[PDB]
Every structure is written in C-alpha cells, then in structure tokens.
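Notes follow the structure.
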Amino acid sequence: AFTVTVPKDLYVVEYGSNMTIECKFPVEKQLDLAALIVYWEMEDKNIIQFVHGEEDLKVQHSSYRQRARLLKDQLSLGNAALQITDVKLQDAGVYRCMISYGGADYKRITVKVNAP
Amino acid sequence: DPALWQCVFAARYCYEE
Ligand SMILES: *CC(=O)Nc1ccc(NC(=O)C*)cc1
C-alpha cells in the first residue's frame with residue numbers, strides 16, 4: 001500500500017554541524033500538494049507540521065524555531081527531508097517523520113550527537 | 001492518522017505556548 005522508507009535509520013552527527021535526515025514516500029507521477037501531509041517530531045517536541053500543501057510554524061517547538069525546516073523541493077521527488085542547522089547536544093534523540101499522501105505511514109530515526 | 005497527529009501537535013502547542 002503506502003510505505004515510507006528511510007535511507008538510514010541512525011544518524012551520528014558532530015555538534016555544531018548541519019544534518020539532513022530523509023524519509024522517502026511513494027509518488028506516482030506529478031505531485032498532489034493538496035494530498036500531502038508531513039509531520040516531523042522528536043521526543044516530545046513539535047518539529048514540523050506541513051499539511052494540505054501549507055506550512056505551520058506556530059506549532060513548532062521553540063528550540064527548533066529558525067533552526068529547523070523541511071526541505072520542500074525534494075518532496076516532488078517523494079523525499080521529506082528535515083534539515084537542522086547548528087546541531088546542539090539536546091538535538092540528540094529519536095526522531096519520527098509522519099507522512100500522509102493518500103495513505104499514511106511513519107518511520108523512526110535515531111540521532112546521536114558527539115561534541116568535538 | 002493525520003487527524004491523530006494533528007491532535008497531538010496541537011495538544012503540545014497548547015502546553016508549550
Ligand atoms: C483531536 C484534537 O485535535 N484535539 C485537540 C486539539 C487542540 C487542542 N488545543 C488546545 O487545548 C489549545 C486540544 C485538543
């Protein structure tokens with residue numbers, strides 16, 4: 001039916017770097033932005049709420065404001081790519097993309113943060 | 001499912017802000 005995939009399921013990133021984590025979803029021909037819903041969450045923090053073709057930033061957790069955003073132009077390729085700039089120690093944890101595009105599915109990604 | 005996710009995203013927004 002509708003499956004969401006992740007290239008890797010664990011990312012180890014250095015403190016202060018930028019990271020891009022990816023979720024893939026099925027896209028048949030062009031893209032129905034009306035149909036597309038994306039949610040990124042980690043731990044109990046609201047990262048990204050994208051639904052019915054529109055962004056919502058007021059719901060975003062304050063620690064990610066202006067630091068985290070969803071990379072749109074890959075979506076037409078079936079890629080929900082969350083980029084976080086200037087990774088902090090507190091960005092370590094378990095993330096989860098949730099995609100609705102007709103069907104719905106989600107995957108989990110673990111992030112590990114170093115320090116040097 | 002997107003309903004449930006928007007239910008939870010809105011619930012936390014109430015808590016945070
Ligand atoms: C199902 C659902 O969406 N429940 C819900 C949404 C939003 C809020 N918001 C606040 O309480 C501010 C509560 C419950």
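Every chain in the structure tokens has a letter given in the order shown (A, B, ...), and although residue numbers restart at 1 in each chain, ligands are simply numbered from 1 in the order shown.
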Determine, using only C-alpha atoms and all ligand atoms, which residues of chain B have any atom at most 6 Å from an atom of ligand 1, and tabulate each with its shortest atom pair and distance in Å to one decimal place, rows ordered by chain and then rising number, as a Markdown table.
```
| residue | atom | partner | partner_atom_place_in_ligand_line | distance |
| --- | --- | --- | --- | --- |
| B:6 | CA | ligand 1 | 3 (O) | 5.7 |
| B:7 | CA | ligand 1 | 3 (O) | 3.2 |
| B:10 | CA | ligand 1 | 7 (C) | 4.4 |
| B:11 | CA | ligand 1 | 8 (C) | 4.6 |
| B:14 | CA | ligand 1 | 12 (C) | 4.1 |
```
Write the residues of the preceding selection, restricted to N, CA, C and O atoms, as a PDB file, in the first residue's frame.
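That gives us part-v9.pdb:
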```
ATOM      1  N   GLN B   6      -2.296  15.600  14.052  1.00  0.00           N
ATOM      2  CA  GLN B   6      -2.613  16.995  14.290  1.00  0.00           C
ATOM      3  C   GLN B   6      -3.227  17.181  15.664  1.00  0.00           C
ATOM      4  O   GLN B   6      -3.032  18.231  16.286  1.00  0.00           O
ATOM      5  N   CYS B   7      -3.950  16.173  16.164  1.00  0.00           N
ATOM      6  CA  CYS B   7      -4.428  16.219  17.543  1.00  0.00           C
ATOM      7  C   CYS B   7      -3.271  16.374  18.522  1.00  0.00           C
ATOM      8  O   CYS B   7      -3.346  17.166  19.468  1.00  0.00           O
ATOM      9  N   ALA B  10      -1.240  19.804  18.114  1.00  0.00           N
ATOM     10  CA  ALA B  10      -1.959  20.933  18.696  1.00  0.00           C
ATOM     11  C   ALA B  10      -1.979  20.858  20.220  1.00  0.00           C
ATOM     12  O   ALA B  10      -1.911  21.890  20.899  1.00  0.00           O
ATOM     13  N   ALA B  11      -2.069  19.646  20.777  1.00  0.00           N
ATOM     14  CA  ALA B  11      -2.066  19.488  22.229  1.00  0.00           C
ATOM     15  C   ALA B  11      -0.767  19.994  22.840  1.00  0.00           C
ATOM     16  O   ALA B  11      -0.777  20.648  23.891  1.00  0.00           O
ATOM     17  N   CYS B  14      -0.465  23.856  22.757  1.00  0.00           N
ATOM     18  CA  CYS B  14      -1.137  24.419  23.923  1.00  0.00           C
ATOM     19  C   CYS B  14      -0.252  24.380  25.157  1.00  0.00           C
ATOM     20  O   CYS B  14      -0.196  25.347  25.924  1.00  0.00           O
TER      21      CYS B  14
END
```
| request: When you get a sec, could you note down which chain A residues fall within 12 Å of chain B, using only C-alpha atoms, as a ChimeraX atom specification? | output: /A:35-52,56-63,96-106
Selection to disk with N, CA, C and O atoms, as a CSV table (one decimal), in the first residue's frame:
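Result written to out.csv:
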```
chain,number,residue,atom,x,y,z
A,35,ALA,N,-2.8,16.8,-1.3
A,35,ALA,CA,-2.9,15.5,-0.6
A,35,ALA,C,-1.8,15.3,0.4
A,35,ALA,O,-2.0,14.5,1.3
A,36,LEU,N,-0.7,16.1,0.3
A,36,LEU,CA,0.5,15.8,1.1
A,36,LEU,C,0.4,16.3,2.5
A,36,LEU,O,0.1,17.5,2.7
A,37,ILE,N,0.6,15.5,3.5
A,37,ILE,CA,0.8,15.9,4.9
A,37,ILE,C,2.1,15.3,5.4
A,37,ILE,O,2.4,14.1,5.2
A,38,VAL,N,2.9,16.2,6.0
A,38,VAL,CA,4.2,15.8,6.6
A,38,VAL,C,4.2,16.3,8.1
A,38,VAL,O,3.9,17.5,8.3
A,39,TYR,N,4.7,15.5,9.0
A,39,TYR,CA,4.9,15.9,10.4
A,39,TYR,C,6.3,15.3,10.8
A,39,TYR,O,6.5,14.1,10.7
A,40,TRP,N,7.1,16.2,11.3
A,40,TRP,CA,8.4,15.7,12.0
A,40,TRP,C,8.3,16.0,13.5
A,40,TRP,O,8.0,17.1,13.9
A,41,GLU,N,8.6,15.0,14.3
A,41,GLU,CA,8.6,15.1,15.7
A,41,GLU,C,9.9,14.4,16.2
A,41,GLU,O,10.4,13.4,15.6
A,42,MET,N,10.4,14.9,17.3
A,42,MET,CA,11.4,14.2,18.1
A,42,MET,C,11.1,14.3,19.6
A,42,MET,O,10.8,15.4,20.0
A,43,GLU,N,11.1,13.2,20.3
A,43,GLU,CA,10.9,13.2,21.7
A,43,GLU,C,9.5,13.8,21.9
A,43,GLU,O,8.6,13.4,21.2
A,44,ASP,N,9.3,14.8,22.8
A,44,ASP,CA,8.0,15.4,22.9
A,44,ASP,C,7.9,16.8,22.3
A,44,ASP,O,7.2,17.7,22.7
A,45,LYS,N,8.8,17.1,21.3
A,45,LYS,CA,8.9,18.4,20.7
A,45,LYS,C,8.3,18.4,19.3
A,45,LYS,O,8.5,17.4,18.5
A,46,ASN,N,7.5,19.4,19.0
A,46,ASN,CA,6.9,19.5,17.7
A,46,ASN,C,7.9,20.2,16.8
A,46,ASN,O,8.3,21.3,17.0
A,47,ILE,N,8.4,19.4,15.8
A,47,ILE,CA,9.4,20.0,14.9
A,47,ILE,C,8.8,20.7,13.7
A,47,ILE,O,8.9,21.9,13.4
A,48,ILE,N,8.0,19.9,12.9
A,48,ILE,CA,7.5,20.3,11.6
A,48,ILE,C,6.0,19.9,11.4
A,48,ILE,O,5.7,18.7,11.6
A,49,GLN,N,5.1,20.8,11.1
A,49,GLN,CA,3.8,20.5,10.7
A,49,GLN,C,3.5,21.0,9.3
A,49,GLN,O,3.4,22.3,9.2
A,50,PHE,N,3.4,20.2,8.4
A,50,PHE,CA,3.1,20.5,7.0
A,50,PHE,C,1.9,19.7,6.6
A,50,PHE,O,1.9,18.5,6.6
A,51,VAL,N,0.8,20.4,6.1
A,51,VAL,CA,-0.4,19.6,5.8
A,51,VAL,C,-1.2,20.4,4.7
A,51,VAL,O,-1.2,21.6,4.7
A,52,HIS,N,-1.8,19.6,3.9
A,52,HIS,CA,-2.6,20.1,2.8
A,52,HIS,C,-1.9,21.2,2.0
A,52,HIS,O,-2.5,22.2,1.6
A,56,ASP,N,3.0,25.2,8.8
A,56,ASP,CA,2.5,25.8,10.1
A,56,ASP,C,3.7,25.9,11.0
A,56,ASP,O,4.3,24.9,11.5
A,57,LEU,N,4.2,27.1,11.3
A,57,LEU,CA,5.4,27.3,12.2
A,57,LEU,C,5.0,27.6,13.6
A,57,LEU,O,5.9,27.5,14.5
A,58,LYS,N,3.8,28.1,13.9
A,58,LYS,CA,3.5,28.4,15.2
A,58,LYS,C,3.5,27.2,16.2
A,58,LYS,O,3.8,27.4,17.3
A,59,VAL,N,3.2,26.1,15.6
A,59,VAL,CA,3.2,24.8,16.4
A,59,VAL,C,4.6,24.3,16.7
A,59,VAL,O,4.7,23.5,17.6
A,60,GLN,N,5.6,24.8,15.9
A,60,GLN,CA,6.9,24.3,16.1
A,60,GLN,C,7.4,24.5,17.5
A,60,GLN,O,7.2,25.6,18.1
A,61,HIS,N,8.2,23.6,18.1
A,61,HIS,CA,8.8,23.7,19.4
A,61,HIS,C,9.8,24.9,19.3
A,61,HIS,O,10.5,25.1,18.3
A,62,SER,N,9.8,25.7,20.4
A,62,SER,CA,10.7,26.9,20.3
A,62,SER,C,12.1,26.6,20.1
A,62,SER,O,12.9,27.4,19.6
A,63,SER,N,12.6,25.4,20.6
A,63,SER,CA,14.0,25.1,20.4
A,63,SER,C,14.4,25.0,18.9
A,63,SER,O,15.6,25.1,18.6
A,96,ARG,N,11.0,11.2,14.2
A,96,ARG,CA,9.9,10.4,13.6
A,96,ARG,C,9.3,11.3,12.5
A,96,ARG,O,8.6,12.3,12.9
A,97,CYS,N,9.4,10.9,11.2
A,97,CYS,CA,8.6,11.6,10.2
A,97,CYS,C,7.2,10.8,10.1
A,97,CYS,O,7.2,9.6,10.1
A,98,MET,N,6.2,11.6,9.9
A,98,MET,CA,4.9,11.0,9.6
A,98,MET,C,4.3,11.7,8.4
A,98,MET,O,4.2,12.9,8.3
A,99,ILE,N,4.1,10.9,7.4
A,99,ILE,CA,3.7,11.3,6.0
A,99,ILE,C,2.3,10.7,5.7
A,99,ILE,O,2.1,9.5,5.8
A,100,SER,N,1.4,11.6,5.3
A,100,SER,CA,0.1,11.2,4.7
A,100,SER,C,0.1,11.7,3.2
A,100,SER,O,0.4,12.9,3.0
A,101,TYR,N,-0.2,10.8,2.3
A,101,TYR,CA,-0.3,11.1,0.9
A,101,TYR,C,-1.2,10.1,0.3
A,101,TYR,O,-0.8,9.1,-0.4
A,102,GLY,N,-2.5,10.3,0.6
A,102,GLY,CA,-3.5,9.2,0.4
A,102,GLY,C,-3.4,8.3,1.5
A,102,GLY,O,-4.2,8.4,2.4
A,103,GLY,N,-2.5,7.3,1.4
A,103,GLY,CA,-2.2,6.5,2.6
A,103,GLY,C,-1.3,7.3,3.6
A,103,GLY,O,-1.0,8.5,3.3
A,104,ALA,N,-1.0,6.7,4.7
A,104,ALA,CA,-0.2,7.3,5.7
A,104,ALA,C,0.7,6.3,6.3
A,104,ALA,O,0.4,5.1,6.4
A,105,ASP,N,1.9,6.7,6.7
A,105,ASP,CA,2.9,5.9,7.3
A,105,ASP,C,3.9,6.8,8.0
A,105,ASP,O,3.9,8.0,7.9
A,106,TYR,N,4.7,6.1,8.8
A,106,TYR,CA,5.8,6.8,9.6
A,106,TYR,C,7.0,5.9,9.8
A,106,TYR,O,6.8,4.7,9.7
```
| message | Just to confirm, what's the straight-line distance from CA of residue 72 in chain A to CA of residue 85 in chain A in Å (one decimal)? | response | 15.8 Å
| task | Can you pull out every residue within 12 Å of residue 28 in chain A, counting only C-alpha atoms, but drop anything in the same chain fewer than 2 positions away, and send it as JSON, numbers by chain? | result | {"A": [2, 25, 26, 30, 31, 32, 76, 77, 78, 101, 102]}
Convert the current residue selection to file output with N, CA, C and O atoms, as a compact mmCIF listing (two decimals), in the first residue's frame.
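New file part_19.txt:
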```txt
# COMPACT_ATOMS: atom_id res chain seq x y z
N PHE A 2 0.82 2.01 1.09
CA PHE A 2 1.59 3.24 1.23
C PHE A 2 2.69 2.97 2.26
O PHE A 2 2.39 2.75 3.43
N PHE A 25 8.78 8.50 0.32
CA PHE A 25 7.39 8.10 0.22
C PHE A 25 7.05 7.97 -1.25
O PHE A 25 7.73 8.54 -2.11
N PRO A 26 6.01 7.20 -1.58
CA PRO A 26 5.72 6.88 -2.98
C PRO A 26 5.02 8.04 -3.68
O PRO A 26 4.01 8.56 -3.21
N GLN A 30 3.15 13.22 -11.07
CA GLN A 30 3.46 14.56 -10.53
C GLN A 30 3.17 14.49 -9.04
O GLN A 30 3.23 13.40 -8.46
N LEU A 31 2.79 15.60 -8.45
CA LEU A 31 2.62 15.59 -7.00
C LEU A 31 1.37 16.37 -6.68
O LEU A 31 1.22 17.51 -7.15
N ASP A 32 0.51 15.77 -5.86
CA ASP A 32 -0.71 16.41 -5.36
C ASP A 32 -0.42 17.07 -4.01
O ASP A 32 -0.49 16.43 -2.96
N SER A 76 8.55 16.81 -4.33
CA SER A 76 8.08 16.39 -5.64
C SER A 76 8.79 15.13 -6.13
O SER A 76 8.32 14.49 -7.07
N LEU A 77 9.90 14.77 -5.50
CA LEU A 77 10.61 13.52 -5.73
C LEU A 77 10.25 12.45 -4.71
O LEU A 77 10.85 11.38 -4.72
N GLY A 78 9.28 12.72 -3.84
CA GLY A 78 8.97 11.78 -2.79
C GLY A 78 9.91 11.74 -1.61
O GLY A 78 10.09 10.68 -1.01
N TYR A 101 -0.17 10.79 2.34
CA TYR A 101 -0.25 11.11 0.94
C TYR A 101 -1.20 10.08 0.33
O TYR A 101 -0.80 9.15 -0.36
N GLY A 102 -2.48 10.28 0.60
CA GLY A 102 -3.46 9.24 0.35
C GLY A 102 -3.43 8.26 1.50
O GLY A 102 -4.22 8.36 2.45
```
| said: Taking 5 positions as the minimum chain separation for residues in the same chain, which residues sit within 8 Å of range 69-71 of chain A when counting only C-alpha atoms? Answer as JSON, numbers by chain. | reply: {"A": [48, 80, 81, 82, 83, 84]}
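The nearest approach to residue 3 in chain A among the residues A:107, A:65, A:87, A:116, with only C-alpha atoms taken into account, belongs to A:107.
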| request: For CA of residue 74 in chain A and CA of residue 90 in chain A, quote the distance in Å rounded to one decimal. | output: 26.9 Å
| request: May I ask which of the residues A:34, A:109, A:1, A:89 is the closest one to residue 14 in chain A, counting only C-alpha atoms? | output: A:89
